[PDB]
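This document starts with one chain, in the form deposited in one PDB entry, laid out as structure tokens.
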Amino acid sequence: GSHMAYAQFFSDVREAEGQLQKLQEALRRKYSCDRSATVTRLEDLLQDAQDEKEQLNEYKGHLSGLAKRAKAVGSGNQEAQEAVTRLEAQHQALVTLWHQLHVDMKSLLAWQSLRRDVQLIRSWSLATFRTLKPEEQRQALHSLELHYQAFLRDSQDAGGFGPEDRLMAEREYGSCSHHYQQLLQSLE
């Protein structure tokens, strides 16, 4: 009887369907962040979130195994593949969610770090500026240029961040680059 094998195939699917639903709750729980998230936390959570993408990448190779089984059930294989299809769609949805939370965190990281760079340079005094070595000056600038570009990049798809927020970044960025230039012109 191919009925028991057929029914088992659906028990296995119903299992995979529920594991992915449980994984959806895990991500939203851990990786739902706001603008108060510290830098080191966002950096850790981002690292922590890779263990769950390792998971999502595994499912891909399992559903490919289920698709192989779906065809081989014989009696009622049409409705079976229809179930694997419904899984690959559930999986894709979950991959989509991951990337959204990943980018949402990557943007907050880039954002909070951009403020730090601004803080540093706008606090600089002409007196203070003579003290720093040229390598140290350029690198402080290298950070600003880097995280501004990162915020411009990672904030496109992210939530909470729109075109308005990227302007304020350009203003804060332009405000630094001008302050920095004043200090150089001041040296000599």
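For the two forms, the rigid core is made up of the largest set of C-alpha atoms that agree within 1.5 Å on superposition. Each residue number is its position in the shown sequence, starting from 1.
- Stretch comparison (175-183 versus 11-19) by mean CA B-factor in the PDB entry places 175-183 on top.
- In this entry, 76-84 shows the higher mean Cα temperature factor of the pair 76-84 and 105-113.
- For the set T38, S155, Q55, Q149, the PDB entry puts the maximum C-alpha B factor at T38.
- The entry lists C-alpha B-factors for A140, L126, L42, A49, and the highest of these is at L126.
- Ranked against the other modelled residues of its chain, the C-alpha B-factor of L27 as given in the entry falls in the lowest third.
- Placement of the Cα temperature factor of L132 within the chain: highest third of the modelled residues, per the deposited record.
- Among all modelled residues in its chain, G160 ranks in the highest third by Cα B-factor.
- Per the deposited record, the Cα B-factor of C33 falls in the highest third when ranked against the other modelled residues of its chain.
- Ranked against the other modelled residues of its chain, the C-alpha B-factor of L120 as given in the entry falls in the highest third.
This protein has a second form, the form deposited in another entry, left out of what is shown; the following refers to that one.
- Residue showing a CA shift of 2 Å or more between this form and the one not shown (rigid core superposed; candidates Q50, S32, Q139, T38): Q139.
- After superposition on the rigid core, the Cα atom of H178 is displaced by 2 Å or more between this form and the one not shown.
- Fitting the two forms on the rigid core leaves the C-alpha of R130 displaced by at least 2 angstroms between this form and the one not shown.
- In this overlay on the rigid core, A158 has a C-alpha that sits less than 2 Å away from its partner position between this form and the one not shown.
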